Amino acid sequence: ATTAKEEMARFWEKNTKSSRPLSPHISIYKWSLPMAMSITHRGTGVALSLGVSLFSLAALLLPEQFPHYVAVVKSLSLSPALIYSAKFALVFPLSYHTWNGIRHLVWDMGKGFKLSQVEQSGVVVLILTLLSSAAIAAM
């Protein structure tokens, strides 16, 4: 006697004005590697975009060209370890997001959806991210 849309409306109207609590979710749900890698793919994507936007804003607002700021950092005569740590920290989120992005595109084709394959592809992304970030930072 009630349509689906009407049932959904009464649900929210009944519950939101009630004294009923909301069952816990994120604080009690057990994590997994695919789930941790899903939200990490989101955090890396957002961090990369904000990094691009801070760069574009710097090109419009800073009084010096890019070669000037590279010359300033080079004149600081930093150690190869700090240069490596900086390079690794810059290229790690990009590399992870790229490999896990290819993993997402494979999923969008409908491939690799068996749960054991989800775990396999995730671990492969993890070791490919490390190997790529280690080789790139070494350059």
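Residue numbers run from 1 along the displayed sequence.
- Taking only CA atoms, the mean B-factor in the PDB entry is higher for 57-65 than for the other of 57-65 and 94-102.
- The mean C-alpha temperature factor is higher for 66-74 when 66-74 and 28-36 are set side by side.
- In this PDB entry, the Cα temperature factor of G51 sits in the middle third of its chain's modelled residues.
- The deposited CA B-factor of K114 belongs to the middle third of values across its chain.
- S18 sits in the highest third of its chain by CA B factor, as recorded in the PDB entry.
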